[PDB]
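Shown below, as structure tokens, is a lone chain in the form deposited in one PDB entry; questions about how it binds or moves come after it.
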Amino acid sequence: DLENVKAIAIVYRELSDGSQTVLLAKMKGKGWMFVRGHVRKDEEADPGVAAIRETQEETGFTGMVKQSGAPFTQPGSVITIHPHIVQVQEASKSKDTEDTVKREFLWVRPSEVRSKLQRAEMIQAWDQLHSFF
């Protein structure tokens, strides 16, 4: 892992009427979040690969990157974050995803997303990319 490079994936599904629904997550027990994880050294040339991998590991869904936003920087608890919009399309077949981490999930309409975000990092990712919806 690159310790100071992260990928965010704003995960959505395309609906039959041309609207979208966005997946939010929370570690039950600071609001809601998108998919987030470290970019591996072998993904540094295309952090969108990390976004798809993290989406599979967290949700059991796979799909494609629809938009890669500009990287942004955040202070450490500097982190460079690469935000993406990921359309999930099919179930993941990845062996790694046979055991996932327990997580709370919520599908919402795009109009519901911003009020569910409390952390600067997710607000920045949404601010850069929400016009896709």
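Residues that one form lacks are left out of the comparison. The numbering used is simple: start at 1 and walk along the sequence shown. C-alpha atoms forming the largest set that superposes within 1.5 Å between two forms make up the rigid core.
The form deposited in another entry is left out here; the points below concern that form.
- Superposition of the core reveals a Cα shift of less than 2 Å for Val22 between the shown form and the other one.
- Residue displacement note: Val108 has its CA displaced by at least 2 Å between the shown form and the other one (rigid core superposed).
- Annotation for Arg119: C-alpha shift of 2 angstroms or more between the shown form and the other one, rigid core superposed.
- The pair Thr59 and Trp107 is at least 3 angstroms closer at the CA level in the other form than in the present model.
- Panel note: the distance between the CA atoms of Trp107 and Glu58 is smaller in the other form than in this form, the difference being 3 Å or more.
- Taking the core as reference, several blocks of three or more adjacent residues between the shown form and the other one have all their Cα positions offset by 2 Å or more: 16-18, 101-133.
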